[PDB]
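Only one chain comes next, encoded as structure tokens, the form deposited in one PDB entry.
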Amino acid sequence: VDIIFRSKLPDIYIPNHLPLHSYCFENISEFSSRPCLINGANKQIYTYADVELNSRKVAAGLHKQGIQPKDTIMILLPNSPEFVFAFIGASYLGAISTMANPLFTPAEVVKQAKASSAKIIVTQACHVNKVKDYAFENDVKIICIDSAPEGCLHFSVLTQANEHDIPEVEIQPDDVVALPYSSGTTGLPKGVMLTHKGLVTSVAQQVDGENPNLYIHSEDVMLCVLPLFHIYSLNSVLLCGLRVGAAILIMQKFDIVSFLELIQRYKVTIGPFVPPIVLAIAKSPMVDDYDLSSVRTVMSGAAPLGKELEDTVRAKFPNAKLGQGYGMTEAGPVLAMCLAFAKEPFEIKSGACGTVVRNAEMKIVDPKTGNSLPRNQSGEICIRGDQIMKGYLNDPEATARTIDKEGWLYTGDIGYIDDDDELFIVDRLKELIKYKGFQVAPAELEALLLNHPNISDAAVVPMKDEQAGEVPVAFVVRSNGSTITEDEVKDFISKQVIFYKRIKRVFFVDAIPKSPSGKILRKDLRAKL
């Protein structure tokens, strides 16, 4: 029998039959006039009424541009009001947003555009070159938020549409609304189908209930420095923020001065961070010149945090409850959330990544035997609930290997749950590398390396790094007679991938250690490194 773990919070009613926009704006009448989005770039403020109206206008505009229910748009933008309007606009149409890092290489953007069948790409003028040829050859519309080059439209073509022209639509709970990409537990990035039902469930698990797990209210100011094109910010900052009527303070890029100035100036109360930001707060001499006493909740997620950096937060944010959230794109994303963040807070331990969310089930499974494990025993973390993905787009085989027929998602993460129902992640079974919280799929890099005429075999694994958490490193077997150097391997990769996917070290070996099936012995390589 499976040994099942649950939240210390009771299950709540979740209205996950509601479309995502209907749910997130369910209580909008209570805070219609309140600030919703604050753009750090220009200090422009949109109210809740503004954001709902602009999203509806954009929905009508997208319809006019040919977006029908179940069609997909690609958002290729930094954090911005336009990102939000495009995302919520598509939701109103029963359509799908796929989201991508605007700093991706042309090849990376186009691969995702093709895989997702995006009909429109929403971007900035400076990135049109990345997609223009592909878009022309495939009649993909390009919409620019700043200025429109030839063969492109301006975003005003969407915002100038009449909100009353949103077509009648019957959106279903299992309809897809968001399509972030993730490599999951092995292989290449895949389209994660996140549904209305799924995202409503995930948001509710965090912010709804008499005692919400993550207590945020309509007088809070939440920093949005994490990228909205990744699921952590998209769900836990934007969607959760909207649901409770919080103000969301958007930053386009991290820089330490702007970060500190915005916190102090706007009296930021919620700080959703990742470990590199925590480390920057730890190290920067200028931090002591700022008043950070407004911050009442600091969360770290996306990568392990550690003890030294937890001490940093305590010292630098004297009024804050500090803790972690643990998510995975396929999981909706939140698996566990620090109960110190609750309206009636629970005691927590350092190094814990939270307690499994309410309205969900967790088990810990031994990879060797397949047996479910009791408390205080490490194994693979698995989760079950309405919040998880529908599956991978056009990839039932990968879906079947990732979520079983009893509804269990296998995370590829190793951890244990203690007597206080606190979850600790201790290792990663899956091949995924995390650079500053960003996914680096070694299979992608390995495919590139094997394409080189002078490389016989290759394996990409994480190496521990202070600044980035992990960096990708390559073990490379040179072809016979090859003299390819570390720098030459690095340059070959660097010309083809976004910065964070870059190989930081190459180790040249005679053979890549492999299992008798033909699979890389990655744990052995990590032990060596």
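Just count from 1 along the sequence shown to find any residue number.
Although not depicted, the form deposited in another entry is the subject of the following passage.
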Completion exercise
At the hinge separating the two rigid parts between the shown form and the other one sits, of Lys141, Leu429, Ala60, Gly391, the option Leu429
Completion exercise
Checking the C-alpha spacing of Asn42 and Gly437, a student should find that in that other deposited form it changes by 3 angstroms or more, with the atoms farther
Problem - Distance trend in that other deposited form - C-alpha atoms of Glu466 and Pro272, change of 3 Å or more - result: farther
